[PDB]
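Peer 1: Structure in structure tokens, see below.
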Amino acid sequence: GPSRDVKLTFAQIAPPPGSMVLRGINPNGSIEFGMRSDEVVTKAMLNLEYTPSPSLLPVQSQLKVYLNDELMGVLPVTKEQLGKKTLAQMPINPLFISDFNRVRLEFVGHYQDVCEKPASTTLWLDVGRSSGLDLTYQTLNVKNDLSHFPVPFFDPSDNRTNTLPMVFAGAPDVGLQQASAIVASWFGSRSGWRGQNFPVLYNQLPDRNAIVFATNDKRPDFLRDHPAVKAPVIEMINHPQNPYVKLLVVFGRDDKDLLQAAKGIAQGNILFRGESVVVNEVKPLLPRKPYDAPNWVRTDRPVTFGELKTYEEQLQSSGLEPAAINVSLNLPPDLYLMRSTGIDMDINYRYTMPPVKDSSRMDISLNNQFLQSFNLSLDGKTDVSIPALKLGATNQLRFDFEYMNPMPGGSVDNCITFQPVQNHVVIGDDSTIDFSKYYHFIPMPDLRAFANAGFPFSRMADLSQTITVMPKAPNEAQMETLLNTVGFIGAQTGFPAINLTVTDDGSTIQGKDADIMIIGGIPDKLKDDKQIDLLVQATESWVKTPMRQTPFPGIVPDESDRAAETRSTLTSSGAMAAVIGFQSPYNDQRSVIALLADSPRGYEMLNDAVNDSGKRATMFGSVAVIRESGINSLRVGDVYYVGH
Amino acid sequence: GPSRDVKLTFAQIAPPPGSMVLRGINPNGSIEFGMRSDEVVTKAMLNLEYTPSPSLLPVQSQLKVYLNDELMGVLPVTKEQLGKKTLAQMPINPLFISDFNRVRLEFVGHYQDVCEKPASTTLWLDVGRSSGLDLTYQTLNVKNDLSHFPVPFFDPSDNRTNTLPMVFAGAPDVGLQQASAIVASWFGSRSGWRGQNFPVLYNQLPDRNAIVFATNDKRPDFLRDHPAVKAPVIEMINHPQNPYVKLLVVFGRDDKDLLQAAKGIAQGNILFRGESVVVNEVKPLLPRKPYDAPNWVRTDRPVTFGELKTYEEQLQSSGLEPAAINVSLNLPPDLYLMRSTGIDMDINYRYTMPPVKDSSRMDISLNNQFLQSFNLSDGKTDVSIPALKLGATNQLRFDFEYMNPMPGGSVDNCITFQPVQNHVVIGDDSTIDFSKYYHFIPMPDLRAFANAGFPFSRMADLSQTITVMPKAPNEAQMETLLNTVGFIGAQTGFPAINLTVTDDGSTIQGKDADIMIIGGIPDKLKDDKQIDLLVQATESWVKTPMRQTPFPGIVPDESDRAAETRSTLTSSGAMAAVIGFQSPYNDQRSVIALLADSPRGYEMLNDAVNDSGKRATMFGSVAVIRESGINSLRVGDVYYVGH
């Protein structure tokens, strides 16, 4: 079977800073990696480029490698490697590996053997960011059972961006488009932060796990002599060229049957069994609530920290120096602070009584911004008022415990020291955080929330109040960008779009209360609003520039730094994509976000910018222009507030 | 491609104390540099001529060399070189170099082993300012794509002056002059504090990247083969001799199309695509308000610290000794307060609560001068800044001075530990009022012009600004015009797009706008009243204002600033005269004249206007720039601008 040779380095598995330093207080460095439970590793090796300390002793210092609680090897320090950068090759036995492994490097060092100062900064060993673990994956044969779903298509263990191409049969219909969008949104919600890309190709066949859409009419070229189905059925067959890649052929009589199948897949994914699964009836019971997403916190009532734990071992730490506890809480980017009172949180922290009252403080930080420090000299219910002014869509709350332990040293001749004792730190699980007093009222025309959270469309979980307009007979690129943006919206939230509406005519939205989404060409029905700032055409394009451009604006905007100063029009022969956001001419409380290109290369740029989270989270303002030189954003046009 | 050896001394890249000392509380010494993004660094080595402390332990004390959090090598101190001067060269791996690199040196020291105490002045390692980085840049070939604009001409990762020569077609008319001035203003505004220089050549291709201006009738050299165009196009072609340098060719049917192309390049440059960009329609919607410049602070509303960061972690610090938090305020030089109460600001600082009140404080200072102090024993303090040094640019520095009352045990039992760090943060919500001021100042001086360009930069777009130029100017006068326009544009944050370049004095008669004389003073001017330093290329006369006292009062006096003697003399050298006076047509408008007597004088004037060290030392109403520097004096009548 096929076997790839991936060589992951130390710059994408190690902490953000990269090169880690192994001191005496934190001598453990862990890097995590896993396989998709289908491919088997072979010929795995670890290359370490470390530079020991010139002070530590040669033989009494060593670097231990632990794959999973098993010492794979021990590299000692020699007299020549005392202060020189040395390359060490460590073999990794491909037998103790599992679905998820954490290679842990532990460094022990001793510079003095008589009166060594524990936790001294003279001893250190830092691995280089050029290190890497080279391992080859070999693909095995899948059992071909729909019970394991979506394991063969999408495995949550893989950290690489999910690549799931969808193959239509050319010129999708109205129902087929919305069903494919539902499936893509479900896959994006299943993926999450991993990032998802759906390369769509018509009447072709890739060499990767794909999804084949069939409706008993306009079937792909290779779905020949297949019997018609009475009800929507989902069958998992193999590729005819090679049996080492599994497809997903969804069937149905008409577009409505395929939509029912997609709804059953997105919702009833827990009843999948065997190989073929027939859907017969799917009906809801009650609608969803606004601003209610599984990934977003509950703003209606205070939520405990127990509902904000990714793993059970998040709210506890140990060791000579207790590490900082980091918690993530996603919330909608509509929190507007009116009374400047902030949020009130009660932290029920339990700590260790220090030997002396030396103020082993504890600090709370929000996005690397110190909020307040509490003395430490044992649960305490403190009412912490957070002066929150930069609460966006995603943040990170850090509780650090700066422990300083005085150790009796004695005198010059009477050198006596004590080894450090480990301190246990735990945050109270009953601790709560309140977000009820925060209101929902913000400037609408900004798309920073759209790129970070998708707020304009993600008002409700199932996207009921959203209408996406598509051009007649879409090509590959238009459907590709549609699927990509729908999957991104679904991943930013926690629930897929089940009640989304797709239309091919631009006059069908006249008189409806919904958020309009333009994917291809802006229809002439609403193009006359003139609030659309940047328009991309075959070769011409005109943009409007504001009066003042500030890198960091204030909390409340002003009508003086957003008015269009000059309008510049020009034409060229290059590629350029545009992301614009304006007010709908049919309602004063809804918005329209349009992603538009002109050429296939522009669509490719738009897809590369939307799929990747590095280039997408760097846009703000009202308008964004994506070109070969990345993406440039500007805040032009009048501002209109949304909310109450 | 050509290789240029570069030696960056430690003086021009480190903070301006000259040298850096690495103590036990501040062992981090940082050095920032950048890469042009179109060149690759090869054979980079770091030299260090440092002195350690003699009380250091030889093996248990070393220094690191981190390049973007990557240890290139560690240097220990041997017993023989414990107190002596130590020179060491370390090879730097060019693979980890990026657009903006920060080399941080960390020093670890241990003078004792059983009872060593931090914050002690017995252990130290100081690097002299004789060291520097030795690296050889190697240019590459860009993709010739206009989407990366103005990347090949101006990179935000550079630190040296941006020399951008502009090749015209010879004897440019008013339209070409105005277009070149607009382009130079835009480039200077994009550059900013990096320094701007715009040499001009006629039918001479330069070595560096340049901009070519064409008209389809007076075609310059090496462009006769290019076919005629139907509309103003912007194309970036390669230099025929050496392709590693790029030239920006601007075409147009006539001067009006060239001006339109320049206006489009200035404003509509965010959507350049591929190559040969055709600009057709560039029209404005509404005019610009006075005192509306991006770099200058907004006076219509109270301004917060969020709009004055220009950074990400400027309002916060950490470590044992929290570094000072500096915020720069760029105010216009036209500010007058009769109430004399001073501007009030609402500081919302917060800090780490120390264990016991030990008189740890925070000092707020302005222009490197102590202003106020607050004890740390989390607030909305109203601080009234006395307006005594508020000029055109300043620096507001909050320095959190701490001292930790850490115990040390008894004489027979000394305790050991590691000192804890403390974080400080101001918060991007502290506002400062600036609407309680008026715009009324006596303006015969040149300090506001040299520092901010006030009389001409009242409107960021230079709408009411008339610059005269001689008939068929040479390279020197055009260079002077381009340089002064670029400087005015860089002091502000908006390109001068609506400036008016004229050639005859008939347009000056009956027009409400400031005057900028470059070539020479016209006949209607230089009436020998309120005008000094008339240089007829042979002799010159200067007036002494009866007194020359450094550091005058805030409000100037009229008894001292009065002409006493008119000394006339003929010489054989070269001089440049900067003269500021009042226009006879309008009382509010003013006339600034930058003139020279000889080509060497024009060169000295261009050099003075280009740099910034010799420009900040210019004040008064008259400035004479000779081969021995610039000397200024305040003479003439006083006229007030403002209501």
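By order in the structure tokens, chains are A, B, ...; within a chain, residues start at 1; ligands start at 1, following the order shown.
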Based on the backbone DSSP call, show me all residues of region 133-266 of chain A assigned alpha helix (DSSP H), as JSON, numbers by chain.
Peer 2: {"A": [174, 175, 176, 177, 178, 179, 180, 181, 182, 183, 184, 185, 186, 187, 188, 189, 190, 191, 255, 256, 257, 258, 259, 260, 261, 262, 263, 264, 265, 266]}
Peer 1: Which residues of chain A come within 7 Å of chain B, and for each one, what is the closest pair of atoms and their distance in Å to one decimal, counting only C-alpha atoms, sorted by chain and residue number, as a tab-separated table?
Peer 2:
```
residue	atom	partner	partner_atom	distance
A:19	CA	B:70	CA	6.4
A:54	CA	B:59	CA	6.9
A:55	CA	B:60	CA	5.4
A:83	CA	B:74	CA	6.9
A:122	CA	B:60	CA	5.9
A:128	CA	B:70	CA	6.7
A:359	CA	B:355	CA	5.9
A:370	CA	B:423	CA	6.8
A:372	CA	B:352	CA	6.9
A:373	CA	B:352	CA	5.7
A:402	CA	B:420	CA	6.9
A:404	CA	B:418	CA	6.3
A:405	CA	B:417	CA	6.0
A:406	CA	B:417	CA	4.8
A:407	CA	B:416	CA	5.2
A:408	CA	B:415	CA	4.3
A:409	CA	B:415	CA	5.2
A:410	CA	B:413	CA	4.1
A:411	CA	B:412	CA	6.0
A:412	CA	B:114	CA	6.4
A:415	CA	B:114	CA	6.2
A:548	CA	B:294	CA	5.9
A:549	CA	B:294	CA	6.9
A:550	CA	B:307	CA	6.9
A:551	CA	B:310	CA	6.7
A:552	CA	B:307	CA	5.5
A:553	CA	B:307	CA	5.7
A:554	CA	B:306	CA	6.1
A:565	CA	B:285	CA	5.7
A:566	CA	B:284	CA	4.2
A:567	CA	B:283	CA	5.7
A:568	CA	B:282	CA	4.4
A:569	CA	B:281	CA	5.1
A:570	CA	B:279	CA	4.4
A:571	CA	B:278	CA	5.4
A:572	CA	B:277	CA	5.1
A:573	CA	B:274	CA	6.6
A:574	CA	B:274	CA	4.7
A:575	CA	B:273	CA	6.5
A:627	CA	B:147	CA	6.8
A:628	CA	B:147	CA	6.2
A:629	CA	B:148	CA	5.6
```
Peer 1: Output N, CA and C atoms for every residue in the selection just made, as a compact mmCIF listing (two decimals), in the first residue's frame.
Peer 2:
```txt
# COMPACT_ATOMS: atom_id res chain seq x y z
N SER A 19 12.26 26.74 20.56
CA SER A 19 13.35 26.14 21.31
C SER A 19 13.08 26.25 22.81
N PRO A 54 28.32 24.61 30.05
CA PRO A 54 29.74 24.40 30.35
C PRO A 54 30.03 24.15 31.82
N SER A 55 29.05 24.35 32.70
CA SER A 55 29.27 24.22 34.14
C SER A 55 28.90 22.84 34.67
N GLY A 83 30.23 22.35 26.25
CA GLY A 83 29.67 23.61 25.83
C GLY A 83 29.56 23.75 24.33
N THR A 122 22.60 28.45 36.64
CA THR A 122 23.85 28.11 35.97
C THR A 122 23.75 26.83 35.17
N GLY A 128 17.49 22.74 20.20
CA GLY A 128 17.32 23.69 19.12
C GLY A 128 16.02 23.46 18.36
N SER A 359 4.92 36.21 50.52
CA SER A 359 4.03 36.66 49.45
C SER A 359 4.35 35.93 48.14
N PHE A 370 -1.73 41.56 32.69
CA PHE A 370 -1.91 41.37 34.12
C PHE A 370 -3.13 42.13 34.62
N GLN A 372 -4.73 41.35 38.20
CA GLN A 372 -4.66 41.53 39.64
C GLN A 372 -3.81 40.42 40.24
N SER A 373 -3.11 40.77 41.32
CA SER A 373 -2.29 39.82 42.07
C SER A 373 -2.83 39.69 43.48
N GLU A 402 3.47 32.35 41.51
CA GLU A 402 4.90 32.63 41.60
C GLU A 402 5.37 32.27 43.00
N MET A 404 8.20 31.45 45.71
CA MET A 404 9.59 31.64 46.11
C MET A 404 9.79 31.00 47.47
N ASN A 405 10.66 30.00 47.54
CA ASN A 405 10.85 29.21 48.75
C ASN A 405 12.19 29.53 49.39
N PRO A 406 12.23 30.31 50.48
CA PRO A 406 13.50 30.53 51.17
C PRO A 406 14.02 29.25 51.80
N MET A 407 15.29 28.95 51.53
CA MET A 407 15.94 27.76 52.05
C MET A 407 17.12 28.18 52.93
N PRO A 408 17.19 27.72 54.19
CA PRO A 408 18.34 28.10 55.03
C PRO A 408 19.66 27.64 54.44
N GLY A 409 20.53 28.59 54.10
CA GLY A 409 21.83 28.26 53.55
C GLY A 409 22.88 28.07 54.62
N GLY A 410 22.79 28.86 55.68
CA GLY A 410 23.73 28.76 56.79
C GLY A 410 24.78 29.87 56.72
N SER A 411 26.04 29.48 56.87
CA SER A 411 27.17 30.40 56.84
C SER A 411 28.13 30.00 55.72
N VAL A 412 29.24 30.72 55.63
CA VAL A 412 30.22 30.44 54.59
C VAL A 412 30.85 29.07 54.81
N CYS A 415 28.26 25.37 55.01
CA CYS A 415 27.45 25.27 53.80
C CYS A 415 26.48 24.10 53.94
N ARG A 548 -8.66 59.06 7.89
CA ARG A 548 -7.61 58.73 8.84
C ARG A 548 -7.54 57.22 9.01
N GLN A 549 -6.32 56.69 9.05
CA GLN A 549 -6.07 55.27 9.25
C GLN A 549 -5.28 55.09 10.54
N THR A 550 -5.87 54.40 11.51
CA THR A 550 -5.23 54.18 12.80
C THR A 550 -4.98 52.69 13.00
N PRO A 551 -3.78 52.29 13.43
CA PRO A 551 -3.55 50.85 13.67
C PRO A 551 -4.43 50.28 14.77
N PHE A 552 -4.60 51.02 15.87
CA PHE A 552 -5.39 50.57 17.01
C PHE A 552 -6.47 51.61 17.30
N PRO A 553 -7.71 51.38 16.86
CA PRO A 553 -8.78 52.34 17.12
C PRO A 553 -9.28 52.22 18.56
N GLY A 554 -10.25 53.08 18.90
CA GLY A 554 -10.83 53.09 20.22
C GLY A 554 -11.95 52.07 20.37
N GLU A 565 -12.78 59.54 1.85
CA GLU A 565 -12.15 60.79 1.45
C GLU A 565 -12.04 60.89 -0.06
N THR A 566 -11.41 59.91 -0.69
CA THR A 566 -11.20 59.90 -2.13
C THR A 566 -11.60 58.54 -2.69
N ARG A 567 -12.01 58.54 -3.96
CA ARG A 567 -12.41 57.34 -4.67
C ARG A 567 -11.47 57.15 -5.85
N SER A 568 -10.71 56.05 -5.84
CA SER A 568 -9.72 55.76 -6.86
C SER A 568 -10.16 54.55 -7.66
N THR A 569 -10.25 54.71 -8.98
CA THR A 569 -10.64 53.64 -9.89
C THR A 569 -9.49 53.34 -10.83
N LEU A 570 -9.23 52.05 -11.06
CA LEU A 570 -8.16 51.65 -11.96
C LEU A 570 -8.40 50.22 -12.42
N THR A 571 -7.78 49.86 -13.55
CA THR A 571 -7.89 48.54 -14.13
C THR A 571 -6.51 47.94 -14.35
N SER A 572 -6.44 46.62 -14.32
CA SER A 572 -5.19 45.90 -14.51
C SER A 572 -5.52 44.51 -15.04
N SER A 573 -4.50 43.65 -15.12
CA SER A 573 -4.65 42.29 -15.63
C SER A 573 -4.22 41.24 -14.61
N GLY A 574 -4.18 41.60 -13.32
CA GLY A 574 -3.80 40.69 -12.28
C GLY A 574 -5.00 40.10 -11.55
N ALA A 575 -4.70 39.34 -10.50
CA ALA A 575 -5.71 38.68 -9.69
C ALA A 575 -5.86 39.41 -8.36
N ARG A 627 -4.43 39.91 -2.17
CA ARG A 627 -3.58 39.91 -3.35
C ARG A 627 -2.36 39.05 -3.09
N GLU A 628 -1.50 38.94 -4.11
CA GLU A 628 -0.27 38.17 -3.96
C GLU A 628 0.50 38.58 -2.72
N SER A 629 0.41 39.85 -2.33
CA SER A 629 1.07 40.33 -1.11
C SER A 629 0.14 40.22 0.10
```
Peer 1: Quick one: residues within 12 Å of region 87-89 of chain B, only C-alpha atoms, excluding same-chain residues fewer than 2 positions away - as a ChimeraX atom specification?
Peer 2: /B:44-52,63,65,72-77,81,84-85,91-92,127-128,130-134
Peer 1: Mind dumping the selected residues with C-alpha atoms as a short mmCIF file (atom, residue, chain, number, x, y, z; two decimals), in the first residue's frame?
Peer 2:
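Once written, again_22.cif looks like this:
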```cif
data_model
loop_
_atom_site.label_atom_id
_atom_site.label_comp_id
_atom_site.auth_asym_id
_atom_site.auth_seq_id
_atom_site.Cartn_x
_atom_site.Cartn_y
_atom_site.Cartn_z
CA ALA B 44 27.16 36.83 9.76
CA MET B 45 29.48 37.05 12.77
CA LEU B 46 28.99 38.82 16.10
CA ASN B 47 32.02 40.45 17.71
CA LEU B 48 31.97 41.26 21.43
CA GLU B 49 34.54 43.31 23.36
CA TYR B 50 33.26 43.04 26.92
CA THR B 51 34.56 43.25 30.49
CA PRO B 52 33.30 40.88 33.22
CA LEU B 63 26.87 34.60 28.81
CA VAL B 65 23.80 34.75 22.58
CA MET B 72 24.01 30.24 18.84
CA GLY B 73 26.70 29.75 21.48
CA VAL B 74 27.60 30.20 25.13
CA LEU B 75 30.76 31.99 26.25
CA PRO B 76 32.20 31.32 29.73
CA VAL B 77 34.70 33.51 31.56
CA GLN B 81 40.19 36.78 31.72
CA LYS B 84 40.60 41.81 31.83
CA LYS B 85 39.18 42.97 28.51
CA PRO B 91 29.54 32.77 14.13
CA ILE B 92 25.84 33.45 13.59
CA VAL B 127 29.82 45.28 26.69
CA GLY B 128 31.53 48.33 25.23
CA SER B 130 33.21 49.14 20.14
CA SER B 131 31.48 45.90 19.14
CA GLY B 132 29.11 45.38 16.24
CA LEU B 133 27.58 42.95 13.78
CA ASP B 134 29.49 42.08 10.59
#
```
Peer 1: Just want the 6 Å neighbourhood of residue 161 (chain A), counted on only C-alpha atoms, with same-chain residues fewer than 4 positions away dropped. Output as an NGL selection string.
Peer 2: :A and (194-196)
Peer 1: Quick one: write out the picked residues with N, CA and C atoms as a PDB file, in the first residue's frame?
Peer 2:
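For reference, out_22.pdb as written:
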```pdb
ATOM      1  N   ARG A 194      -8.598  22.398  13.724  1.00  0.00           N
ATOM      2  CA  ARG A 194      -7.639  21.754  12.834  1.00  0.00           C
ATOM      3  C   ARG A 194      -7.586  22.435  11.473  1.00  0.00           C
ATOM      4  N   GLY A 195      -8.662  23.107  11.074  1.00  0.00           N
ATOM      5  CA  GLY A 195      -8.729  23.709   9.758  1.00  0.00           C
ATOM      6  C   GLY A 195      -9.140  22.696   8.712  1.00  0.00           C
ATOM      7  N   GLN A 196     -10.122  23.045   7.883  1.00  0.00           N
ATOM      8  CA  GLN A 196     -10.679  22.125   6.904  1.00  0.00           C
ATOM      9  C   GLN A 196     -10.660  22.760   5.521  1.00  0.00           C
TER      10      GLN A 196
END
```
Peer 1: Restricting the calculation to only C-alpha atoms: of A:326, A:319, A:644, A:480, which residue gets closest to residue 403 (chain A)?
Peer 2: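 With only C-alpha atoms as the atom set, the closest residue is A:319.
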Peer 1: Near residue 590 (chain A), counting only C-alpha atoms, which residues have an atom at most 12 Å away, once you skip same-chain residues fewer than 5 positions from it, shown as a PyMOL selection string?
Peer 2: chain A and resi 443-445+455-457+459+465-467+511-517+581-585+640-643
Peer 1: Just to be explicit: take each residue in the selection above, keep N, CA and C atoms, and write the result as a PDB file, in the first residue's frame.
Peer 2:
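Final file, part.pdb:
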```pdb
ATOM      1  N   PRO A 443     -20.823  47.763  16.606  1.00  0.00           N
ATOM      2  CA  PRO A 443     -20.804  48.178  15.198  1.00  0.00           C
ATOM      3  C   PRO A 443     -20.832  46.968  14.276  1.00  0.00           C
ATOM      4  N   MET A 444     -21.709  47.020  13.281  1.00  0.00           N
ATOM      5  CA  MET A 444     -21.940  45.894  12.386  1.00  0.00           C
ATOM      6  C   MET A 444     -20.897  45.782  11.275  1.00  0.00           C
ATOM      7  N   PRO A 445     -20.567  46.875  10.561  1.00  0.00           N
ATOM      8  CA  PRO A 445     -19.830  46.722   9.296  1.00  0.00           C
ATOM      9  C   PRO A 445     -18.429  46.144   9.450  1.00  0.00           C
ATOM     10  N   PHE A 455     -19.633  36.121  13.198  1.00  0.00           N
ATOM     11  CA  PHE A 455     -20.816  36.647  13.874  1.00  0.00           C
ATOM     12  C   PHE A 455     -21.920  37.081  12.919  1.00  0.00           C
ATOM     13  N   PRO A 456     -21.645  37.790  11.819  1.00  0.00           N
ATOM     14  CA  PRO A 456     -22.749  38.253  10.959  1.00  0.00           C
ATOM     15  C   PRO A 456     -23.738  37.159  10.595  1.00  0.00           C
ATOM     16  N   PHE A 457     -23.252  35.972  10.238  1.00  0.00           N
ATOM     17  CA  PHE A 457     -24.131  34.861   9.903  1.00  0.00           C
ATOM     18  C   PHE A 457     -24.412  33.954  11.091  1.00  0.00           C
ATOM     19  N   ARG A 459     -25.543  34.101  13.999  1.00  0.00           N
ATOM     20  CA  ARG A 459     -26.428  34.590  15.048  1.00  0.00           C
ATOM     21  C   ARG A 459     -27.135  33.428  15.733  1.00  0.00           C
ATOM     22  N   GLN A 465     -31.711  32.101   9.873  1.00  0.00           N
ATOM     23  CA  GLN A 465     -31.876  33.452   9.336  1.00  0.00           C
ATOM     24  C   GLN A 465     -30.651  33.848   8.509  1.00  0.00           C
ATOM     25  N   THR A 466     -30.435  33.095   7.432  1.00  0.00           N
ATOM     26  CA  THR A 466     -29.307  33.332   6.541  1.00  0.00           C
ATOM     27  C   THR A 466     -29.648  32.783   5.165  1.00  0.00           C
ATOM     28  N   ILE A 467     -29.452  33.606   4.138  1.00  0.00           N
ATOM     29  CA  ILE A 467     -29.738  33.238   2.756  1.00  0.00           C
ATOM     30  C   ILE A 467     -28.477  33.483   1.940  1.00  0.00           C
ATOM     31  N   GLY A 511     -37.653  41.474   0.665  1.00  0.00           N
ATOM     32  CA  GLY A 511     -38.742  41.413   1.615  1.00  0.00           C
ATOM     33  C   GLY A 511     -38.586  40.391   2.719  1.00  0.00           C
ATOM     34  N   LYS A 512     -37.399  39.815   2.887  1.00  0.00           N
ATOM     35  CA  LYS A 512     -37.145  38.816   3.912  1.00  0.00           C
ATOM     36  C   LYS A 512     -36.178  39.367   4.951  1.00  0.00           C
ATOM     37  N   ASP A 513     -36.330  38.900   6.189  1.00  0.00           N
ATOM     38  CA  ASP A 513     -35.482  39.322   7.305  1.00  0.00           C
ATOM     39  C   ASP A 513     -34.429  38.237   7.505  1.00  0.00           C
ATOM     40  N   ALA A 514     -33.314  38.370   6.790  1.00  0.00           N
ATOM     41  CA  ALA A 514     -32.238  37.393   6.869  1.00  0.00           C
ATOM     42  C   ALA A 514     -30.938  38.056   6.445  1.00  0.00           C
ATOM     43  N   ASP A 515     -29.830  37.406   6.786  1.00  0.00           N
ATOM     44  CA  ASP A 515     -28.506  37.882   6.411  1.00  0.00           C
ATOM     45  C   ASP A 515     -28.152  37.318   5.041  1.00  0.00           C
ATOM     46  N   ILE A 516     -27.862  38.202   4.096  1.00  0.00           N
ATOM     47  CA  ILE A 516     -27.555  37.809   2.726  1.00  0.00           C
ATOM     48  C   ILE A 516     -26.065  37.525   2.612  1.00  0.00           C
ATOM     49  N   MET A 517     -25.729  36.465   1.881  1.00  0.00           N
ATOM     50  CA  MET A 517     -24.344  36.056   1.668  1.00  0.00           C
ATOM     51  C   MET A 517     -24.109  35.908   0.172  1.00  0.00           C
ATOM     52  N   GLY A 581     -18.260  44.165   3.542  1.00  0.00           N
ATOM     53  CA  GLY A 581     -19.385  44.047   4.445  1.00  0.00           C
ATOM     54  C   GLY A 581     -20.172  45.336   4.520  1.00  0.00           C
ATOM     55  N   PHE A 582     -21.476  45.262   4.269  1.00  0.00           N
ATOM     56  CA  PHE A 582     -22.302  46.459   4.214  1.00  0.00           C
ATOM     57  C   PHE A 582     -23.684  46.151   4.774  1.00  0.00           C
ATOM     58  N   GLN A 583     -24.540  47.169   4.762  1.00  0.00           N
ATOM     59  CA  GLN A 583     -25.908  47.042   5.242  1.00  0.00           C
ATOM     60  C   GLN A 583     -26.832  46.654   4.099  1.00  0.00           C
ATOM     61  N   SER A 584     -27.778  45.768   4.391  1.00  0.00           N
ATOM     62  CA  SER A 584     -28.713  45.326   3.370  1.00  0.00           C
ATOM     63  C   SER A 584     -29.728  46.431   3.079  1.00  0.00           C
ATOM     64  N   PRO A 585     -30.058  46.672   1.807  1.00  0.00           N
ATOM     65  CA  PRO A 585     -31.055  47.701   1.484  1.00  0.00           C
ATOM     66  C   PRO A 585     -32.487  47.295   1.788  1.00  0.00           C
ATOM     67  N   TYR A 640     -22.993  51.574  11.181  1.00  0.00           N
ATOM     68  CA  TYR A 640     -24.348  51.373  11.674  1.00  0.00           C
ATOM     69  C   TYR A 640     -24.324  50.287  12.738  1.00  0.00           C
ATOM     70  N   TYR A 641     -24.864  50.600  13.911  1.00  0.00           N
ATOM     71  CA  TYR A 641     -24.815  49.681  15.037  1.00  0.00           C
ATOM     72  C   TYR A 641     -25.894  48.614  14.917  1.00  0.00           C
ATOM     73  N   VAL A 642     -25.595  47.436  15.460  1.00  0.00           N
ATOM     74  CA  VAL A 642     -26.543  46.337  15.550  1.00  0.00           C
ATOM     75  C   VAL A 642     -26.659  45.935  17.012  1.00  0.00           C
ATOM     76  N   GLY A 643     -27.826  45.421  17.373  1.00  0.00           N
ATOM     77  CA  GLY A 643     -28.120  45.053  18.742  1.00  0.00           C
ATOM     78  C   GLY A 643     -29.187  45.934  19.364  1.00  0.00           C
TER      79      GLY A 643
END
```
Peer 1: Write down as an NGL selection string the residues of region 566-618 of chain B whose backbone DSSP state falls under strand (DSSP E).
Peer 2: :B and (566-570 or 575-582 or 590-596)
Peer 1: What gap, in Å, lies between CA of residue 178 (chain B) and CA of residue 455 (chain B)?
Peer 2: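 Atom-to-atom, CA of residue 178 (chain B) to CA of residue 455 (chain B), that is 19.1 Å.
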Peer 1: Can you pull out every residue within 12 Å of residue 48 (chain A), counting only C-alpha atoms, but drop anything in the same chain fewer than 2 positions away, and send it as a VMD selection string?
Peer 2: chain A and resid 9 to 10 19 to 20 45 to 46 50 to 52 63 to 65 74 to 75 85 to 91 105 125 to 134
